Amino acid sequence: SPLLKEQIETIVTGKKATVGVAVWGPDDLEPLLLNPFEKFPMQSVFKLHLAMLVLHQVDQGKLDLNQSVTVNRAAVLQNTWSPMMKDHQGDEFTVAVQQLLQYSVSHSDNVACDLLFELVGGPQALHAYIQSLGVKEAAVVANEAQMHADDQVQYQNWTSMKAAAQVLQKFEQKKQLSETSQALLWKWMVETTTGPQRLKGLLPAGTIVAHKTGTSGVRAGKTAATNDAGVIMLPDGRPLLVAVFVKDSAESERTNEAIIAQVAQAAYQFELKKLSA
């Protein structure tokens, strides 16, 4: 709608970054997209995608939620924080597949993440699963260790704003997972504590927001990726899919996360005055 599109460009004009935006209202037939012709590094956003595959392999009996996974502290990556590698002690411990799922979705855990990649058959297995949802504009080629070894592979774990809209589309509607896998994914993706001043930064207190953040490192004053994608519950319990991906930014963290919040707040508000038209 060409009334909402205006306030977005006042939020993004003059801002030293490439900002891709996706909004899909509850009565819109298509998402409104800004810069849909660029490839946006995902960072930990695709941990949402992986959770869909891993739980879809759970739905089809390929895996089991509390199937245990063995964990050697030596053989895992360690640069990132990993709330897992803080909770457990000793040189070796076992963690169920369910537990690696919640760690990887809410706490954006990169070790729990890669084990989920071993269990499912590696990066291209996710890639194929993304073709499987109907999403053509996305590529997933590498895992968190390969991301930590080379900081430009992140650009190859990319997605478009139309693609962000399709994954969020298939997660909102509960048509791709069992009622229990869906209810669990939402749960891990609503009770997250990550990125409170992104999509939630300017929304009323207590708004349920199911979302997954993604953030990159800062090199020479540029941040490759500062992303938050999720689903926002309107006052009437209807869905609003908002994703904001700020690419290659010469701005601050406040500026980067504020753009996300302002975009979400404009979309949140607009939907609130859209039962008029």
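Numbers for residues come from their place in the sequence shown, where the first is 1.
Engineer: What stretch has the higher average Cα B-factor here, 189-197 or 67-75?
Structural biologist: 67-75 has the higher mean C-alpha B-factor.
Engineer: Can you tell me whether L34 has a C-alpha B-factor in the lowest, middle or highest third compared with the other modelled residues of the same chain?
Structural biologist: According to the entry, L34 has a C-alpha B-factor in the chain's middle third.
Engineer: Place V141 in the lowest, middle or highest third of its chain's C-alpha B-factors, as listed in the PDB entry.
Structural biologist: For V141, the deposited C-alpha B-factor lands in the middle third.
Engineer: Thinking about Cα B factors across the chain, which third does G230 belong to?
Structural biologist: According to the entry, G230 has a C-alpha B-factor in the chain's lowest third.
Engineer: How does the C-alpha B factor of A112 compare with the rest of the chain: lowest, middle or highest third?
Structural biologist: Ranked within chain, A112 CA B lands in the highest tercile.
Engineer: What third of the chain, by the recorded C-alpha B-factor, contains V21?
Structural biologist: Lowest third, going by the recorded CA B-factors of the chain.
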